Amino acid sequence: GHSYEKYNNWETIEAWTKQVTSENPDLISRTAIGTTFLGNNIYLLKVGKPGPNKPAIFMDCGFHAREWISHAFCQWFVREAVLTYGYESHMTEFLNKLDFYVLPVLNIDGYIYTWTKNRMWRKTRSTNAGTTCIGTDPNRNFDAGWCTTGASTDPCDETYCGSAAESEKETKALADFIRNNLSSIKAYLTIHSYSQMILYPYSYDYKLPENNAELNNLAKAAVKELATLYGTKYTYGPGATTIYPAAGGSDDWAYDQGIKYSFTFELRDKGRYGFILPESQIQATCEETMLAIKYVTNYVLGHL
């Protein structure tokens, strides 16, 4: 069965996407935006009160297989939305005015692999010509200074950038969806762990986004809000200098598509447990993260 305070396997998450949609048809619609290399369905939940030409915020989880708290957060977010709509003024306003496009798990094949074989797997699970080595790093696989830095051209490496940008079915599917909905998508949020950071562009170069001052102010406010709940300390800044240079990331790509608010979130913790964050921290992690995501949403709505 599904639990919001446990890590759920794909079969359970999949069944959950069907159930939560079935139970909340006036707030959620479910679509598939493609298949993974191994034929799993890439679900996308449109969360919001339906209406004509609404703006949207896009959020994905589960880019990286081992970052289990990421997957947990997208599920937590959806429950919070449906439970508090009509009762909490901000979320009610949010869902009335815009849609959240929530992609609960992008790298499903890798996620399944962390459940069945290797808890520390990162990449996709696609085959590579000429080698037995498996998988591409999905966050090195986007058309953003592709493979020029912080990436490997070797399929045996953890940051393999792929044979070409969007060579992976999963990243192609995500990019296709965002490109098809650029007129509506006002912010892109991609959830990772760990490090307790909010990053904005750029990572593929040391150059700064034109609205750099705005993004720094937004991230600064978001981390302050997050800390109010349990005192959790986040840092923030442009990817390249705040964590490390790395090309081919979806946050940079999305920004260069014209989505002016693009953030990579790195959730708890700081390395005590690392990727193996205890289930006992799921609820607190998700609760404080909700505050930061809602703050960003409120800001974006006031700047349409």
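Just count from 1 along the sequence shown to find any residue number.
Trainee: Looking only at CA atoms, which has the higher mean B factor in the entry: 101-109 or 159-167?
Mentor: 159-167 has the higher mean C-alpha B-factor.
Trainee: With respect to the recorded C-alpha B factors, which stretch has the higher mean value, 146-154 or 206-214?
Mentor: Between 206-214 and 146-154, it is 206-214 that shows the higher mean C-alpha B-factor.
Trainee: Highest Cα B-factor in the deposition, which of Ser126, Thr114, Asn139, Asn181?
Mentor: Highest CA B-factor of the listed options: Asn181.
Trainee: Among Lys49, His64, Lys270, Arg30, which carries the highest Cα B-factor?
Mentor: Each of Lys49, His64, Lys270, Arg30 was compared by C-alpha B-factor; the highest is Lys270.
Trainee: Split the chain's modelled residues into thirds by Cα B-factor; is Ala221 in the lowest, middle or highest one?
Mentor: Its C-alpha B-factor, which the entry lists for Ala221, ranks in the highest third among residues of this chain.
Trainee: Comparing against every modelled residue in the chain, figure out the third that the C-alpha B-factor of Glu288 lands in (lowest, middle or highest).
Mentor: Ranked within chain, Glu288 CA B lands in the lowest tercile.
Trainee: Considering every modelled residue of the chain and its Cα B-factor in the PDB entry, is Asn41 in the lowest, middle or highest third?
Mentor: Answer is lowest: the recorded C-alpha B-factor places it there.
Trainee: Ranking the modelled residues of this chain by C-alpha B-factor as given in the entry, is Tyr200 in the lowest, middle or highest third?
Mentor: Within its chain, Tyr200 is a middle-third residue by C-alpha B-factor, going by the deposited values.
Trainee: Ranking every modelled residue in this chain by its Cα temperature factor as given in the entry, which third contains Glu23?
Mentor: It falls in the top third of the chain.
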